[PDB]
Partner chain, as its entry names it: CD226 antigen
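This document starts with one chain, in the form deposited without its partner chain, laid out as structure tokens.
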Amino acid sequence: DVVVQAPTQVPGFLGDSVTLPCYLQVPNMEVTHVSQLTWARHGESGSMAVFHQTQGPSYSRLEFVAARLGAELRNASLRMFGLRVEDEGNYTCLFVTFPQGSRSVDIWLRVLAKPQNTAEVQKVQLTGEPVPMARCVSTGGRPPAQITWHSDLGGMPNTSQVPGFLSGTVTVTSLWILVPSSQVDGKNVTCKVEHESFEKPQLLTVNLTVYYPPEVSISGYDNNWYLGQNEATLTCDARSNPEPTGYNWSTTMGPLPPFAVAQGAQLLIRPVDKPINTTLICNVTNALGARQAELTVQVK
């Protein structure tokens, strides 16, 4: 009924120290005599750490945290200082007991490294071919962190792995690829980074910034314009990144007639007593360039 209590795996961080738990659970009425404790690495020929009941400790860095001469050996927990990449592997914790014999457990040591997560926006213009608009970097992680994108827009990710600054670590860089459009600028895309060192997955959000020429539109006219009508107003609906730096009003036949007066981004229509047929043009200027929008105006 004498059992050895220890976990199957133990997480330890690179550079720091880790305690390998290993305890011998003996029922209250049972009598046992632990002659010695043994720590061994899978396929290393010789022993790593030994604690004999009369001789004491012997190591190859390593220290028995609870073992002591005089007291009955039960806690074979060992502290491993300065965790290296080569320290990751399988370890055996053996108890040489009497009359129960040899009892052991196999513990896996997992060498980890907490990665540094950073998200960035990629400022792009308008082109046919798909180009990365977002960037997610998970620098110096062990094992390489899992990066996924949470977006309803539907963009294929370009994920690549590169060696880290420290030995045994990997930096994961993921680019969110999508065809740039006007109905995408301002929308958010969330990056989900997953790693064993994190209790909860780190969520990083980036707001897409697409540079597009003015998407100029003209609304107000509805053909129902009678002679000697009320002072109507036409608005030049424009959406551009960066914002418009000017609003110019004109026609195909030259400048604005006396009834049409420019009010910046708006245009006031004064009452007319004679029939007119003029096609108004709204010119919206931006850093990228200028775009036009035409509308036929008929009064009868």
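Numbering follows the first chain given and starts at 1. Note that the rigid core is defined as the largest set of C-alphas that superpose within 1.5 Å between two forms.
Same protein, other form: the form solved in complex with its partner chain, not shown, and the subject of what follows.
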query	finding
In the bound PDB entry, segment of 201 to 209, 73 to 81, 149 to 157, 109 to 117 with a heavy atom within 4.5 Å of its partner chain	149 to 157
Any non-hydrogen atom of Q161 within 4.5 angstroms of its partner chain in the bound PDB entry	yes
Is_shifted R239 between this form and the one not shown (CA, 2 Å cut-off, rigid core)	yes
Core superposition between this form and the one not shown, C-alpha change of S47 at least 2 Å	no
